[PDB]
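The structure appears right after this line, and notes come after that.
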Amino acid sequence: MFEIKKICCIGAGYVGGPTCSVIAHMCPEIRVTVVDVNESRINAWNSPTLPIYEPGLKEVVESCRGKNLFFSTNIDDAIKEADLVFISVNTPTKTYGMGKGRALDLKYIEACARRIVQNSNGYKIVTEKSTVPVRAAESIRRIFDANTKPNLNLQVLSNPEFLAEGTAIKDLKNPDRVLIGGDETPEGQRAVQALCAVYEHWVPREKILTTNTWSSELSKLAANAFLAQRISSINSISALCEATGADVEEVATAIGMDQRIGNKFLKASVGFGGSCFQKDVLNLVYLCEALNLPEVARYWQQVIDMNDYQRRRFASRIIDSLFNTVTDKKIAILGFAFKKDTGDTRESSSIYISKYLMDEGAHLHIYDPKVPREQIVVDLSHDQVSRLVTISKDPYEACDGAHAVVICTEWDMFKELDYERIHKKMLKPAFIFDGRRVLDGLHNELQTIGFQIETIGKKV
Amino acid sequence: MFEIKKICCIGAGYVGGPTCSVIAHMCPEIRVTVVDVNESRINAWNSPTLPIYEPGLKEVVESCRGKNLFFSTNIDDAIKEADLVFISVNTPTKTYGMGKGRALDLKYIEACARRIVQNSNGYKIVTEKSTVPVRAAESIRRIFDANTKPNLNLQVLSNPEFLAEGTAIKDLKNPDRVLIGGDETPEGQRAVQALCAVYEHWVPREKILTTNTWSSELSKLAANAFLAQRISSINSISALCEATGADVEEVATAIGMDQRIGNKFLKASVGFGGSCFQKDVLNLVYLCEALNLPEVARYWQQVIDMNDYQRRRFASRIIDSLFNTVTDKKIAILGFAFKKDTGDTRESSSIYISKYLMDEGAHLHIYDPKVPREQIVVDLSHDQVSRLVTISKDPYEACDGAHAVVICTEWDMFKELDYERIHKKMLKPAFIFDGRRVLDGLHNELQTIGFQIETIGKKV
Amino acid sequence: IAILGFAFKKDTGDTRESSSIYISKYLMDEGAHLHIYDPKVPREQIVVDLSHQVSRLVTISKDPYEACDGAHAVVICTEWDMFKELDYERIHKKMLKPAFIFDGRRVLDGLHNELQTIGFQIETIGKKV
Ligand SMILES: NC(=O)c1ccc[n+]([C@@H]2O[C@H](COP(=O)([O-])OP(=O)(O)OC[C@H]3O[C@@H](n4cnc5c(N)ncnc54)[C@H](O)[C@@H]3O)[C@@H](O)[C@H]2O)c1
Ligand SMILES: NC(=O)c1ccc[n+]([C@@H]2O[C@H](COP(=O)([O-])OP(=O)(O)OC[C@H]3O[C@@H](n4cnc5c(N)ncnc54)[C@H](O)[C@@H]3O)[C@@H](O)[C@H]2O)c1
Ligand SMILES: O=c1ccn([C@@H]2O[C@H](COP(=O)(O)OP(=O)(O)O[C@H]3O[C@H](CO)[C@@H](O)[C@H](O)[C@H]3O)[C@@H](O)[C@H]2O)c(=O)[nH]1
Ligand SMILES: O=c1ccn([C@@H]2O[C@H](COP(=O)(O)OP(=O)(O)O[C@H]3O[C@H](CO)[C@@H](O)[C@H](O)[C@H]3O)[C@@H](O)[C@H]2O)c(=O)[nH]1
Ligand SMILES: [Cl-]
């Protein structure tokens with residue numbers, strides 16, 4: 001029936017940019033226009049230095065930009081001529097008012113919905129791509145119906161994104177699945193199938209799953225919650241191991257070889273970070289409370305409480321090992337990003353571990369091979385940062401004269417440091433706190449050198 | 001290089017029988033003796049009708065029973081001549097005293113350890129196969145050391161079993177992994193390697209996992225807890241689906257296509273049953289309380305609380321839908337086993353759903369195509385069973401004149417019943433409560449017939 | 001399990017609110033076979049205190065060596081002076097192994113090295129094991 005030939009995407013961020021670049025790369029006969037109110041970001045997308053780094057993104061953008069891929073600030077015209085409008089704007093957690101710290105702020109979504117229906121005539125498919133609360137598409141449909149024009153036919157779909165930081169291009173070109181939600185109406189099914197035809201240019205039909213709108217919105221939140229639960233579950237086991245003499249890596253391996261459980265996302269850690277795990281679980285908890293489902297709410301709250309407990313007890317282990325006082329002591333923080341091979345620090349466990357040690361008056365020397373130094377200062381600010389926080393240029397400066405080395409991010413270079421050299425210039429006794437299990441197999445060497453080595457999920 | 005040549009297994013039950021039968025079948029040059037204090041069970045192993053039924057088991061015993069596989073009641077001699085002693089006795093949940101309903105009763109394990117160290121001389125490997133609490137092998141080692149003899153060297157290992165009902169022979173011949181735990185000492189590592197050599201006759205080397213003793217015991221408990229957590233998580237989502245219009249089957253499919261999450265054990269239900277899920281999760285919770293880990297304890301307690309909530313809300317949904325009273329009403333309970341294709345009813349959700357409706361004075365007519373009627377009477381007893389419970393011999397008798405049909409077990413035949421016939425002789429309005437999603441795709445046909453059809457994870 | 005001492009303190013036969021009653025009931029709830037000896041408490045009183053199970057689990061011994069014969073543990077609840085002077089090498093020979101002594105009154109202080117040499121695992125209140 002209907003064929004999508006022109007695509008507009010509102011939001012040229014971590015999601016809108018790469019997704020539309022790949023669609024343009026895979027669909028040569030489709031014009032794809034990405035729009036954003038942030039002009040510096042849009043100009044960056046047309047500049048030869050893109051505003052977000054993803055492996056393979058530069059080659060894909062440069063192969064389409066100007067031909068069928070466009071980045072613009074002319075939002076109204078892009079909406080006007082588009083057959084399909086992606087909504088890919090930010091939905092941050094509300095930091096204010098009712099639902100503070102749990103509910104999502106929908107003001108940017110609503111601004112899009114108002115601006116879309118203002119600049120639209122005829123038939124258009126509007127697709128929710130941002131992570132939204134369940135039934136948010138009902139709000140968009142209400143706004144569209146309450147501002148309808150003659151011959152204005154706007155169809156609303158849900159199409160969540162599942163890409164992860166660092167592998168976006170591979171995830172977009174070979175996705176585990178593409179998820180599309182729509183109404184069970186004849187009009188909805190025509191819009192769902194039209195969006196399926198776009199993805200069918202490079203995604204097998206067997207990988208394209210179509211559901212109703214609410215199942216699609218809920219699936220995005222639930223998927224991230226299931227992932228975070230695996231991390232919190234194995235972290236809860238790490239605490240059991242420390243008290244029993246078991247080893248969390250051995251237990252995780254034994255658990256993960258059951259193919260019904262799987263062997264992915266069972267790496268114990270000081271705690272999961274990233275911009276979406278805590279946000280999506282807390283949103284789920286808030287949604288359940290609003291729907292009078294307190295049992296479900298407290299069920300998923302345990303994922304967050306366990307992650308916070310894993311962080312706090314790790315900070316307590318450092319403080320207790322350092323003779324119950326770390327005031328004016330130099331402590332090396334190796335790793336500040338929430339995972340390796342990135343500079344993103346949002347909700348990184350290094351932030352919370354650092355603030356715990358700062359509350360005790362410790363002198364932190366933080367080294368991360370990729371995180372910008374200005375970001376670390378901003379993250380540790382609410383003064384206290386000037387007195388206590390020092391950003392080192394290399395790990396050996398951070399460990400010079402330190403009582404303990406705290407590894408919070410699994411950077412591969414930390415495995416290869418010269419620890420006999422580090423031990424010589426550390427105050428004695430010297431401690432290593434491995435919050436990522438990156439030094440496994442090196443404990444006998446480190447103990448022979450003279451370190452007291454402690455790691456998560458291993459009895460001391 | 002020590003070589004295990006004679007194996008004794010104390011306990012000829014669901015675990016000891018099949019495991020030793022497979023070891024005998026795969027190791028023709030190893031004598032395997034399975035002993036037990038129950039003579040009627042031992043004779044049933046030697047009779048042409050086995051006490052426990054498992055597909056393919058009857059062929060394995062009959063191919064070895066007499067060559068290298070034996071079933072005797074002479075426990076003392078089997079221990080005397082064995083190089084390897086399996087402990088495969090029952091470890092029930094304590095029904096009394098401290099830890100009631102959570103801790104495991106170790107009196108049978110201790111009986112083995114005392115009897116072994118009395119009937120043993122020389123070198124023997126004693127292996128924990130029963131599900132035991134963490135550090136239970138430490139207790140076995142204390143009994144052996146406190147009753148030492150000259151020339152007595154007893155090594156203690158952990159080797160849990162992961163077989164499931166219905167696929168025991170398949171799981172034993174092709175296991176996802178074999179888990180062996182022992183002490184990290186030369187005496188222990190030697191004993192570990194001897195037991196690996198037995199399994200190496202038919203299990204690839206990379207699938208044989210060696211850990212310390214505590215990791216092995218803990219891995220058995222944690223593996224079942226992770227599996228139960230998946231069911232409770234998807235069940236918690238089913239409640240969210242009913243309140244939002246999403247569908248739990250669509251959401252589970254969308255979640256399961258993430259290969260990091262996997263698509264197994266995501267089938268929403270009225271609640272998981274079986275003899276080990278609740279027992280192992282509750283034991284884990286009890287262990288965390290004894291070790292002063294209340295955060296970990298309440299984390300895993302949520303798996304049980306969610307399973308209880310899913311059961312109670314399903315019963316409350318039936319009562320609320322039936323105009324808030326079901327006293328003296330006829331209700332058909334289709335399915336009493338804890339899963340399909342078995343007669344086992346231990347911790348079956350049908351037991352708890354039935355008791356909820358019995359507390360309301362409902363007249364239950366229960367049909368299960370495989371559960372013995374005497375077992376159903378035992379499960380629903382403490383009277384109340386005589387007045388309220390009727391055990392039908394076909395589903396149509398149970399649905400004759402009933403207000404509602406409650407499906408608790410996913411037997412395939414329930415999808416194939418004649419529902420026009422059932423509707424004609426049911427009181428009106430007639431309800432179907434599908435606690436297993438077995439009638440999916442039939443909702444339009446059932447609604448046209450006149451049923452009010454309600455299922456878990458689907459808005460009414 | 002041998003219960004040495006049932007009165008609430010030494011040099012009396014009074015058992016009112018004695019800790020031996022509560023310690024015994026805790027072990028009885030666990031199904032233990034209690035053999036109770038007290039040099040002054042009337043045996044009929046012990047039965048009344050442990051009543052509302054007493055027939056199955058509670059046995060009142062006439063001497064301490066009878067109570068410790070074949071027992072897993074010796075639990076001292078009353079500070080009777082005679083308990084300090086028992087022949088523990090003799091008691092250890094007829095006890096199941098491992099054999100434990102739980103001193104709830106600190107009456108065996110200073111005797112721990114001998115008892116450990118004999119083979120007892122000796123535990124008392126206010127002392128790390
Ligand atoms: N970060 C991830 O990896 C990822 C993965 C999947 C889902 N998501 C979800 O995708 C959404 C987008 O995330 P992101 O990281 O790309 O966000 P982002 O903040 O980087 O991008 C949103 C962009 O939209 C612009 N914008 C906001 N309101 C606008 C409006 N009214 N008109 C035009 N432009 C507007 C912003 O200036 C920004 O450039 C979020 O809801 C997020 O939860 C994120
Ligand atoms: N699918 C499963 O059922 C399964 C899976 C893995 C692990 N397990 C664990 O395996 C263990 C055994 O389970 P089961 O179902 O085989 O139990 P079971 O009751 O069928 O078998 C135990 C057998 O041991 C005998 N026995 C008990 N004490 C004895 C003693 N002192 N001497 C000799 N024989 C003695 C009993 O008479 C009985 O025949 C349990 O701890 C269970 O949790 C069960
Ligand atoms: O076994 C594990 C796996 C991950 N983590 C941590 O979990 C966090 C999240 O890492 P990861 O999931 O790889 O990164 P994200 O970029 O946040 O990706 C997630 O969040 C995205 C944003 O919504 C989703 O789209 C993706 O599906 C989901 O993988 C990081 O702090 C990791 O170190 C662990 O501690 N142990
Ligand atoms: O998606 C699912 C999967 C299972 N179940 C239920 O979960 C229970 C357990 O099912 P299953 O795991 O197949 O039964 P068991 O035979 O008890 O096997 C489990 O328990 C054994 C120990 O008894 C372990 O060894 C096995 O690995 C583990 O699968 C049953 O009530 C099922 O109906 C669900 O409700 N949804
Ligand atoms: Cl609030």
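Following the order of the structure tokens, chains are lettered A, B, ..., residues in each are numbered from 1, and ligands are numbered from 1.
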Please, which residues of stretch 254-377 of chain A, numbered as in this document, come out strand (DSSP E) from DSSP, as a list in words?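 Going through stretch 254-377 of chain A, the strand (DSSP E) residues come out as residues 330, 331, 332, 333, 334, 363, 364, 365, 366 and 367 of chain A.
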Listing only residues of stretch 181-290 of chain B within 12 Å of stretch 413-434 of chain B, what is the closest atom pair and its distance in Å (to one decimal) for each, using only C-alpha atoms, sorted by chain and residue number ascending, as a tab-separated table?
```
residue	atom	partner	partner_atom	distance
B:268	CA	B:434	CA	11.1
B:269	CA	B:434	CA	9.0
B:270	CA	B:434	CA	8.8
```
Quick one: residues within 6 Å of ligand 4, with only C-alpha atoms and all ligand atoms, as number ranges by chain? B: 162-165, 231, 265-269, 271-276, 338-339
What's around stretch 43-53 of chain A at 7 Å? Count only C-alpha atoms, leave out sequence neighbours fewer than 2 positions away in its own chain, and write the answer as a PyMOL selection string. chain A and resi 14+39-41+55+71
Let me see the file: selected residues, C-alpha atoms, as a PDB file, in the first residue's frame.
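The result, written out as part.pdb:
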```pdb
ATOM      1  CA  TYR A  14      23.020   9.333  20.327  1.00  0.00           C
ATOM      2  CA  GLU A  39      22.503  24.138  16.055  1.00  0.00           C
ATOM      3  CA  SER A  40      26.055  23.386  17.226  1.00  0.00           C
ATOM      4  CA  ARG A  41      25.236  19.671  17.224  1.00  0.00           C
ATOM      5  CA  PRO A  55      33.117   3.005  15.431  1.00  0.00           C
ATOM      6  CA  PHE A  71      21.213  17.237   9.039  1.00  0.00           C
TER       7      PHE A  71
END
```
Residues near residue A:226, cut-off 8 Å, only C-alpha atoms, skip fewer than 4 positions along chain, as a VMD selection string: (chain A and resid 222 230) or (chain B and resid 233 261)
Residues as selected, N, CA and C atoms, written as an mmCIF file, in the first residue's frame, can you do that?
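Output saved as selection_2.cif:
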```
data_model
loop_
_atom_site.group_PDB
_atom_site.id
_atom_site.type_symbol
_atom_site.label_atom_id
_atom_site.label_comp_id
_atom_site.auth_asym_id
_atom_site.auth_seq_id
_atom_site.Cartn_x
_atom_site.Cartn_y
_atom_site.Cartn_z
ATOM 1 N N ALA A 222 11.337 -3.117 30.131
ATOM 2 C CA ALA A 222 11.526 -4.420 30.759
ATOM 3 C C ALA A 222 12.835 -5.065 30.320
ATOM 4 N N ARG A 230 20.233 -9.123 36.064
ATOM 5 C CA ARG A 230 21.302 -10.113 35.994
ATOM 6 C C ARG A 230 22.557 -9.602 36.685
ATOM 7 N N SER B 233 10.175 -12.622 37.420
ATOM 8 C CA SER B 233 10.304 -11.349 36.720
ATOM 9 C C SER B 233 9.277 -11.239 35.600
ATOM 10 N N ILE B 261 19.849 -11.834 27.033
ATOM 11 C CA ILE B 261 18.810 -12.239 27.974
ATOM 12 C C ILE B 261 18.385 -13.678 27.733
#
```
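Reported to one decimal place, the separation of atom CA of residue A:442 from atom CA of residue A:248 is 16.3 Å.
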So that I can see what lies close to residue A:70, please list as a PDB file with N, CA, C and O atoms, in the first residue's frame the residues with an atom at most 7 Å from it, counting only C-alpha atoms and leaving out residues fewer than 3 positions away in the same chain.
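Saved result, out-v9.pdb, follows:
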```pdb
ATOM      1  N   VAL A  32      16.476  10.971   4.006  1.00  0.00           N
ATOM      2  CA  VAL A  32      16.458  10.928   5.465  1.00  0.00           C
ATOM      3  C   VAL A  32      17.008  12.248   5.981  1.00  0.00           C
ATOM      4  O   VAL A  32      18.163  12.594   5.703  1.00  0.00           O
ATOM      5  N   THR A  33      16.185  12.984   6.726  1.00  0.00           N
ATOM      6  CA  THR A  33      16.557  14.288   7.261  1.00  0.00           C
ATOM      7  C   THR A  33      16.475  14.256   8.779  1.00  0.00           C
ATOM      8  O   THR A  33      15.400  14.020   9.343  1.00  0.00           O
ATOM      9  N   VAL A  34      17.600  14.510   9.434  1.00  0.00           N
ATOM     10  CA  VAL A  34      17.675  14.558  10.888  1.00  0.00           C
ATOM     11  C   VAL A  34      17.680  16.022  11.302  1.00  0.00           C
ATOM     12  O   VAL A  34      18.433  16.827  10.745  1.00  0.00           O
ATOM     13  N   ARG A  65      25.754  11.621   3.432  1.00  0.00           N
ATOM     14  CA  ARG A  65      25.463  13.026   3.680  1.00  0.00           C
ATOM     15  C   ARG A  65      25.570  13.820   2.383  1.00  0.00           C
ATOM     16  O   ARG A  65      26.573  13.734   1.671  1.00  0.00           O
ATOM     17  N   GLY A  66      24.517  14.575   2.069  1.00  0.00           N
ATOM     18  CA  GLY A  66      24.423  15.303   0.824  1.00  0.00           C
ATOM     19  C   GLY A  66      23.709  14.558  -0.287  1.00  0.00           C
ATOM     20  O   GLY A  66      23.188  15.192  -1.211  1.00  0.00           O
TER      21      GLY A  66
END
```
